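Only one chain comes next, encoded as structure tokens, the form deposited in one PDB entry.
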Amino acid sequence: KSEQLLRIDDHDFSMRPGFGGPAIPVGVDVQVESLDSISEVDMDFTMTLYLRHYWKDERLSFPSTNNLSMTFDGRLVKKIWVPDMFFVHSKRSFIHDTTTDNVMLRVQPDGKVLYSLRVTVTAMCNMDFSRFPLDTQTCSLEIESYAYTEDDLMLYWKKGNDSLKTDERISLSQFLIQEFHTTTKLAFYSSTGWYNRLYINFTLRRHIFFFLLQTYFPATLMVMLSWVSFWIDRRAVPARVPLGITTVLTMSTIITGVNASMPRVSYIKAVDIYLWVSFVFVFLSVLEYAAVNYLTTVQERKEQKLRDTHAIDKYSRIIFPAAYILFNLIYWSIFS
């Protein structure tokens, strides 16, 4: 029996190696296999990865006439001491178990141990949509010991920044992913003390041109279309009125359609500001002709009682586009 080469029953494996003395160092490496999904309303993401641990335990040393190591599956884990890592700020997680538990242990003749397992985790990520669709988001995954403070267990990245590897084909449907790197920081709990925490960081960006074409283009086109009425004969009332009211209806249907396709986040975003300013411009173009028609009727009635282009159209033809251009300059200087 291979489990008799390790004196399992001759040691108390409820205590850590080196108990009573200096803390035992534990090194960590991570390989990221895929990014599975992201939820903008609930603000979280899901990842699948391999987690590997390295440490030494003299109680597991065994004699050998060669330098070959012994390999075990997950059934040995319950018989020896292993580190208790957990994921901070996670919502749910599990260890894969088909066709059996995806866990491995390798023991060297001198007592060095490698511990490897495959896991899927869902973690929280606070997001800010104020600058949508030009926003940038930063996310992280955090690893910590549950029960051992830094006086008993010292947790560190085994090879610094070389400890993190990512799959060549990692991708998300609606985002671009960039800038993977690692950091470390100490955390304090008033209940028990100081702990080491490890971080994996990355950044997300959107495809700007899709949103420009889908949203900003039609609204600008409809605003430009509302300016055509300034060049139409003011005596053609049955042509001037329906054009304005139909332009208002078209802009309203565009805004409703755009609202239906964005994530349901109930606060003000940059694209909403652009759309509602455009709507106001279209509304004012109808008020302009109402004023023109009333003044012309008044003048004709006065002339008959006593017995060319109106100035308002001439000024509007210049004033409306200049104001829209100025608004665009200010908007794009503010929101980049």
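Basically, rigid core = biggest C-alpha set you can superpose within 1.5 Å across the two forms. Start at 1 with the first residue shown and count on from there.
Beyond the structure shown, there is the form deposited in another entry, which is absent from this document and is the topic of what follows.
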Identify which of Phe86, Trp227, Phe175, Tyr156 has its C-alpha displaced by 2 Å or more between the shown form and the other one once the rigid core is superposed. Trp227
Establish whether a shift of 2 Å or more occurs at the C-alpha of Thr215 between the shown form and the other one, with the two forms superposed on the rigid core. yes
Does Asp44 move appreciably between the shown form and the other one, meaning a CA displacement of 2 Å or more on the superposed rigid core? no
With the core lined up, does the C-alpha of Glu58 move 2 Å or more between the shown form and the other one? no
